[PDB]
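>>> Part one of the assembly, not moved from where it sits:
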Amino acid sequence: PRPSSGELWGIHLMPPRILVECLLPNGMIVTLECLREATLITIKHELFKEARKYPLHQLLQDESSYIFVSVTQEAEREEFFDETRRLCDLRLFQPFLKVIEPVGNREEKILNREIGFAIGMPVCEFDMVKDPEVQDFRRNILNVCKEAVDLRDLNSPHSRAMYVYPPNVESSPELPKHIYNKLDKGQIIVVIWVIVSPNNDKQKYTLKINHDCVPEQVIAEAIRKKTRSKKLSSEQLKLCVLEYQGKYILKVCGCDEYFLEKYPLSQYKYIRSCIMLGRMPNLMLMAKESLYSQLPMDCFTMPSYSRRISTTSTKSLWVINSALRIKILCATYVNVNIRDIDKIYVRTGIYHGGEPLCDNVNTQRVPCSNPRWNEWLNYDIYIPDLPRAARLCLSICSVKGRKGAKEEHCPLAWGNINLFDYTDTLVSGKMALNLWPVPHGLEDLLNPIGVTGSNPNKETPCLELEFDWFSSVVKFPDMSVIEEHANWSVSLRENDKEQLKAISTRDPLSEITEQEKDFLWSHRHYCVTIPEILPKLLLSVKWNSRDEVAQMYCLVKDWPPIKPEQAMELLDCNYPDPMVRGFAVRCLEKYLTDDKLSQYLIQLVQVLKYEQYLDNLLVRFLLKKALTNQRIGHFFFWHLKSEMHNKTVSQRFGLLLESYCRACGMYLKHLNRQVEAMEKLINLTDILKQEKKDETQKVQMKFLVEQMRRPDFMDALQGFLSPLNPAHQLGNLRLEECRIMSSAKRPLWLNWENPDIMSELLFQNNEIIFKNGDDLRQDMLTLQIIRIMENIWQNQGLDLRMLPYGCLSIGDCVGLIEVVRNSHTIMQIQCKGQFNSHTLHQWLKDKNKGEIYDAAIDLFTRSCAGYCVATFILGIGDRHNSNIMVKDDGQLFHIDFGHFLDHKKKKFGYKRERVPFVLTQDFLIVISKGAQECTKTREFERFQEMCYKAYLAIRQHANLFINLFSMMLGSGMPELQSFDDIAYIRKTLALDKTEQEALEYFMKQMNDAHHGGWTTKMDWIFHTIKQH
């Protein structure tokens, strides 16, 4: 288990000096001893000096006439045009260099190498792909690239600044009451800083303005205060302000977050946070010009592959008068133990999303050692009834029948195929399909949620199929044809209206009866009056009848758009129809704010895996957004890149990343600095986890220290943007604060200076944990959900302070984690109290003496309520004093989630909804400020109502969370695999109960788990206030 992807194949680090084989153009070979960090400029020069001592030396030209080519660890022939790169940074397969005269389109070659580096794969690999769908994607997606780059450079330089520095804003300007009341009669105090020439002194202005004010008005007020002493005519003043108002721009002190857009100030997230937290907003004023000057010109260039030439009886599907027939021929091999298995067979099914369009069909059973069927399988479906998104889902299965009449079936390998290709052609003739390994945890014989297409790895079980032929190319019919047919397919009410409404208010995974379906379908024209019933109407549709589908098409054509929160459902694995999904994208296009798109990016990227084809409306929409807003583009890039190792999506994500990198402008050089930083950190931790694993910590710190001081390491790990938040610039490393953490995977705790000139006001330290070895996708998802919960609560005037710290997966079990400062585990706290129940409260007291004591209690209480409710709903793996933390100012939060939903049911069998975060007496004592009888205090009653409100607020937004989890089923998370996995949150949110029953259920859970203490200020009959 020791192969390495370091500086050479098989070697993590080059020795300080190394022999490099140099292949001269005259056929000679010169062995040169090189410093591992020497540049190619040095090496080339040293080589051509030495080459004089070798034969046929006169045939060599000026060294300036040549560059180096070699083989990289990706087995590409790479030409080294940038001779300032270091030998150790080249990613050589083996230490040799070949001398050639540079040919060809240099600028394209250089840009393709930069793209290749960014995405983790040489773009030349794309040119080899025979699949017409792939080459068509590459060419056709370029339109979206051009449309974005044009739209970016249109209103220059302002439209460019907006692309690079988009406004970080909330989704509405509307202030919740708990926020507004913290203002001073609707006004905020802000501090505006200016760097004055010539000594770059810092001057401070404290302003008091309406929260409403646009940045330009903030600047206006600043001009007023500045010219206070130099008194003038009010008209010249009002006109002075008017003339120079748009001469400056505002910036958050400490990070690269600008206010370039006329949103009200309080709608900016930084400012909104400052109000909520009672923190002084510190902004920096600068001339518009000193920003617009920085902004790189982004030029987009049409690639070569857009400049190449690529080389009658077309029957409507609907006039093919036959049943569906598919032939299973043979499979090359299975890996089974012949002694443990009786027979193998191929299982098949025709699907629309997760629903079978007819019954599944097995081949006959045959011996393990001879996988041959030659069988036409007959499906109970008429070829013209095949919906556009129909798929063949299959598996090779083993069967063992050794106990009674009982047998055990196991899928060995699976594969899905679109019945129509991306041009609406019904597949025909022979096909060979390389199958995929069955996902860990999956027990079903088919895997219909899985991606379609052949396993690119051709050293895998290969199934030969054959589809029917109709002596002609067969195509899905035109929209004109379908629309016409619907017309000719179509040739108490107060109770009905109120029942439809009731059906529409239920959650996406709510049971719908056959009665309700026939009811929905029969009132389909009336359903437009309640447009958000669309998902349920769609699932009432019989997708195996062209008659019904044609009619359903005519409805979604004119369907009124519905909110993003609901349209996203139509992009999960249950709604595969290209019209249905088009409608969904149109809703996103019109109503999804950039803020919400960023908020839900993780899910929107994941549902790309569900798309039948490379080219679709969703991917064009996402790429467009990624290319018109760089904060979206950054995370777009990193979410795609982090999965490039997963062969089920690396083609699709690779092609998508290529087109993004080609058009993203200068930000590609910033991303390349991030990727090389991450690559160095992977290599450094690989060494610690492999070579040096049986060494002590002290020795490991010695090695770490000497490595980080090397020029090639310093160069790469200083002066780049944080991938967690690229508004944070990572400057010089503070080596004395960097360290390897104690845990097993060997995380690195890294610390950078912030080169922002006003870093003392905010983020003096940028600290990150880099972790190589743990799968971080579940933490990232859980932290995301917490963030969304917190945002829901805030919007309802519910101030429950959560701490959804940054966690970013950046590749296969590798990621970054934000460091939360001044925070300690409960265990650590009890260990510095010997400790009773009161140690925690006492700890908190000492850290918040005097007037600030109550603030800490309050903050502890609110954060406690938020995590109590969030963990209950999500079923986070049980809490203990090591995965629960508290800050010095009393903010409580949780870490290390790594387990959720009904994972425990599947392991132990016990059918129960746990209460993961049980508030022990330690916590109760804090909330009650030390009272003897904690549950009977007003503070505990206040804490309770917080929990009740928080709970109902998430329940009221149940659609959003069910849809967000549903979009993850195809993700590769063992814990999040079927809709049955999402059933757990339907339980905790008590979605099949009334709201009042739901709150009753929540109180009953808390009581059972805390053994009493949770009381109602309602009467049990009407839930009306009975006290105070």
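All right, it came through fine. Numbers count the residues shown, from 1 in each chain, chains lettered A, B, ... in the order given.

>>> For the closest residue to residue A:333 other than its chain neighbours, grab phi and psi.
Nearest residue to residue A:333 in three dimensions, chain neighbours excluded: residue A:461, at 5.9 Å (CB to CB, 6 or more residues apart in numbering). From N, CA and C alone the C-beta is placed, and that goes for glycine too. Backbone geometry at residue A:461, expressed as degrees, to the nearest 10, gives phi -50, psi 130.

>>> hang on, isn't residue A:9 packed against residue A:96?
No - applying CB atoms under 8 Å as the test, residue A:9 and residue A:96 come out as separate, 11.9 Å apart.

>>> quick revisit: so what's the residue nearest to residue A:333 up against?
By CB atoms under 8 Å, 6 or more residues apart in numbering, the contact set of residue A:461 is A:331-335, A:396, A:412-413, A:434-435.

>>> From the residues you listed, which land in strands?
Judged by DSSP state E, the contacts of residue A:461 include A:331, A:396, A:412-413, A:434 as members of strands.

>>> Geometric centre of chain A: which residue is closest?
With distances taken as CA atoms, centre = their mean, the residue of chain A nearest its centroid is residue A:602 (2.7 Å).

>>> Wait, it touches residue A:784, no?
Yes - shown here, residue A:602 and residue A:784 form a contact pair, counting by CB under 8 Å, at 5.8 Å.

>>> which other residues reach stretch A:510-526?
So stretch A:510-526 is contacted by A:496-497, A:499-500, A:503, A:527, A:533, A:536-537, A:539-542, A:548, A:551-552, A:555, A:991-992 (CB under 8 Å, 6+ apart).

>>> Any idea how far apart the tips of it sit?
Length of stretch A:510-526, first residue to last, CA to CA, to the nearest Å: 21 Å.

>>> how about it: buried residues?
The neighbour-count criterion (16 or more other CB atoms under 10 Å) identifies A:516-517, A:519-521, A:523-524 as the buried residues of stretch A:510-526.

>>> Kindly report the same for stretch A:408-417.
A:410-417.

>>> re the thing from before, shared neighbours of residue A:9 and residue A:96, anything?
With CB under 8 Å, 6+ apart, residue A:9 and residue A:96 have no common neighbours.

>>> For residue A:347, give me phi and psi.
Torsion angles, degrees, to the nearest 10, at residue A:347: phi -100, psi 140.

>>> residues touching it, list them.
A:360-363, A:394-397, A:411, A:445-446.

>>> Confirm for me that residue A:412 is in contact with residue A:346.
No - with contacts counted by CB under 8 Å, residue A:412 stays clear of residue A:346, the gap being 10.1 Å.

>>> Need the overlap of contacts for these two.
Listed as contacting both residue A:412 and residue A:346 by CB under 8 Å, 6+ apart are A:395-397.

>>> following sequence is chain B, add it:
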Amino acid sequence: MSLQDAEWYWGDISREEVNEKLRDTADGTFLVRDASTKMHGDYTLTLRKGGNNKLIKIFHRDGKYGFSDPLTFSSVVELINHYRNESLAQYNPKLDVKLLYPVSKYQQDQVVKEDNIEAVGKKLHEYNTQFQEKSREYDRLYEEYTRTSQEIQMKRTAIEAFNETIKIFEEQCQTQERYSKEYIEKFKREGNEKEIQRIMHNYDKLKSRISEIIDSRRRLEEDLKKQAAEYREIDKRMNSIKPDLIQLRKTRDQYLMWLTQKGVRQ
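Putting chain B onto the chains we already have gives this:
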């Protein structure tokens, strides 16, 4: 004749529990359970049709019961049998299938034949123990499978890199041969012998270099072969224990349910 003693009436089991039971079964398979609302009167019939589980609400008003609006029954048992013999076109005239295979409580509980709560408890302990053990093994195997898969990919990519490398060194040889021949003819014709051997010496060096690189690739091909064999054996062993591990889990879940049932309830 009573709802409770009916073999297909399963009480308060979930949708999901029914999905598991009706999974991959034949058309006509059915069962009845409490509604997911738990409104104390409403029950749900679940029927297998065309590879799909159908939920049919059982409407309970006055003293009657009905699929459709005309409430024309008196017990749930009545209704199920009335459709169990005749066709289901009476419900809705489209694609009648009636009700032909019932998922029975009774064949399930024969799996657990221990008399006392202590006999059951003890066998639950054994099965649970075996299950957590055999889970652990299978998890361990999957990690090895995953590590082995990755390494094989690295090695495939490394073999391609050797192939490209070897090609380039072979090109150098051809380059050296294109050139040197017109010089050996001249260094002989002009007396120099040491310069000739410096050419030959560089050619020998290149030749031996190519031969070491070719052997290195040969050795990697051999390792790839061995590891490809380990990989398929790891796959065999996972294929062997998967179905046994599934069965065992259902047995554990069954005893646990059985224990629950013969324990105090509230």
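
>>> Go back to the contacts of stretch A:510-526, now with chain B?
For stretch A:510-526, the surrounding residues in contact (CB atoms under 8 Å, 6 or more residues apart in numbering or on different chains) are A:496-497, A:499-500, A:503, A:527, A:533, A:536-537, A:539-542, A:548, A:551-552, A:555, A:991-992, B:15, B:36, B:44, B:54-57, B:67-68, B:92.

>>> which of the residues you listed count as buried?
A:500, A:503, A:527, A:533, A:536-537, A:539-542, A:548, A:551-552, A:555, A:991-992, B:15, B:36, B:44, B:54-57, B:67 (16 or more other CB atoms under 10 Å in any protein chain shown).

>>> Tell me which of those fall in strands.
Using DSSP E, those in strands are B:44, B:54-57.

>>> burial measure for residue A:726, as a count.
Using other CB atoms under 10 Å in any protein chain shown, residue A:726 is surrounded by 22 other residues.

>>> Surely residue B:92 is within a helix?
No - using DSSP: H, G, I helix; E, B strand; the rest coil, the secondary structure at residue B:92 is coil, not a helix.

>>> so which strand or helix has the residue lying closest to it once chain neighbours are set aside?
Distances taken as CB to CB, 6 or more residues apart in numbering or on different chains put residue A:518 closest to residue B:92, at 6.6 Å, once the chain neighbours are dropped. In this assignment (DSSP states H and E), residue A:518 forms part of helix A:514-522.

>>> Check the offset of that helix from the chain's centre.
37 Å (CA atoms, centre = their mean, to the nearest Å).

>>> try stretch B:58-75
42 Å.

>>> quick one: buried residues of it?
Residues B:58-60, B:65-67, B:73 are the ones in stretch B:58-75 that count as buried (16+ other CB under 10 Å).

>>> now the end-to-end length of that stretch.
11 Å.

>>> is that stretch anywhere near chain A?
Yes - using CB under 8 Å from any CB of the partner chain, stretch B:58-75 comes into contact with chain A via B:67-68.

>>> Outside of that stretch itself, list whatever touches it.
A:515, B:1-3, B:32, B:41-45, B:56-57, B:76, B:78-79, B:82, B:91-92.

>>> let's go with 7 Å and repeat that
For stretch B:58-75, contacts defined as CB atoms under 7 Å, 6 or more residues apart in numbering or on different chains pick out B:1, B:3, B:41-45, B:56, B:76, B:79, B:91.

>>> Just the buried residues from those, in PyMOL please.
Buried subset of the contacts of stretch B:58-75, written as a PyMOL selection, criterion 16+ other CB under 10 Å:
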select buried, chain B and resi 43+44+45+56+76+79+91
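
>>> and which of the contacts of stretch B:58-75 is nearest chain A?
Comparing the contacts of stretch B:58-75 against chain A with CB to the nearest CB places residue B:56 closest, at 5.3 Å.

>>> My guess is that closest one contacts residue B:49. True?
No - assessed by CB atoms under 7 Å, residue B:56 is found out of contact with residue B:49, at 10.2 Å.

>>> Got phi/psi on residue A:431?
Per degrees, to the nearest 10, the backbone of residue A:431 is at phi -140, psi 140.
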